[PDB]
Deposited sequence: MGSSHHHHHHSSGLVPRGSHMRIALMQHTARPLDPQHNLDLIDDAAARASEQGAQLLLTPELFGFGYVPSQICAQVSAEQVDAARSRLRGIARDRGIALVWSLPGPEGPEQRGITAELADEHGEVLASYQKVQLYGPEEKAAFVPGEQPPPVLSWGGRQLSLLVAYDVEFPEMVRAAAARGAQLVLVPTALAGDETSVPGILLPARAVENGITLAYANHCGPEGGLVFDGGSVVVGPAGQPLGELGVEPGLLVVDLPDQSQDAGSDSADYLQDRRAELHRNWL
């Protein structure tokens, strides 16, 4: 409804089904969602992991060129600008098929790429055959009056990855994902702890429905610092729109000891 009294940030999450190896289709879906989110007063749209090509790691490595990635990237940049909304997307990285990772990028409403990140924690043998793991910590940046950060999918299941973002100042962690197999423990158990154990908000945007030989769970969610869902979807396509309201674990943690004990 109307933009509320105590809130200066409204975010949207796109939950949908991608078609493998059909970027025109999947990017048309992103464009649709961007327009709709913008019309509802959202200032940012989060979209799912590898959405533009589908979550099909082995086929991305075999069939998707660098030039095809770049064409999808340019189109997404154009959607951010033309729909007048900040956009988080996830594509393969820009290098050749044998050198690139899974990435996420944040563009603002003018189309500026503010931040780029390469997934550090690859999931399973197919991802590890198709992609190179990232080696850099999550980025943290001011946008819309808060410190935003990016992580991808499996990354968020590691407390260390969320802690790395929060140690840099993150307040809002945005996570494209691709979770199938009725893995209710990730949104149900791990995400709430990630939020509480850092005092942060996390947004988690999944595929749903039949795609790439899997049936994705949906369950997209925004979790606030008390671990509660600010908004959530079920198993069907949807656009989740959430107004964010404006123990000291981060100070208390004995990081110099912890780093020796991992």
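Unmodelled regions of the deposited chain sequence (numbering from residue 1, in sequence order): 1-12, 259-267.
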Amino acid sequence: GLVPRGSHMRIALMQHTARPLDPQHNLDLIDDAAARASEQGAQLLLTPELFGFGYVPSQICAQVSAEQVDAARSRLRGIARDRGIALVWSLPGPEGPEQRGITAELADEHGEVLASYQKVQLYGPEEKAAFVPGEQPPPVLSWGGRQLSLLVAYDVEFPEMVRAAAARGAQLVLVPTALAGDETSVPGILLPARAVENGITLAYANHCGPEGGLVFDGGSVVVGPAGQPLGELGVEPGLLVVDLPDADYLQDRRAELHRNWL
From here on, numbers count along this sequence of modelled residues.
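Figure legend: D22 is marked as modelled in all of the other comparable entries of the protein, none of which omit it, let alone a third. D243 is built in all of the other entries compared, counting only those with both neighbours built, so it is not a gap in a third.
When 170-178 is weighed against 76-84, 76-84 comes out higher, by mean CA B-factor as recorded in the entry. The mean Cα B-factor in the deposited entry runs higher for 56-64 than for the other of 56-64 and 194-202. Take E49, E39, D70, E211 and read off each C-alpha B-factor from the entry; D70 has the highest. In the deposited coordinates, the residue among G144, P138, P159, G134 with the greatest CA B-factor is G144. Per-chain ranking of the deposited C-alpha B factor places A129 in the highest third. Per the deposited record, the Cα B-factor of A247 falls in the highest third when ranked against the other modelled residues of its chain.
In the deposited entry, the Cα temperature factor of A115 places it in the highest third of its chain's modelled residues.
Among the modelled residues of the chain, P229 sits in the highest third by CA temperature factor in this PDB entry. Sorting the modelled residues of the chain by their CA temperature factor places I11 in the middle third.
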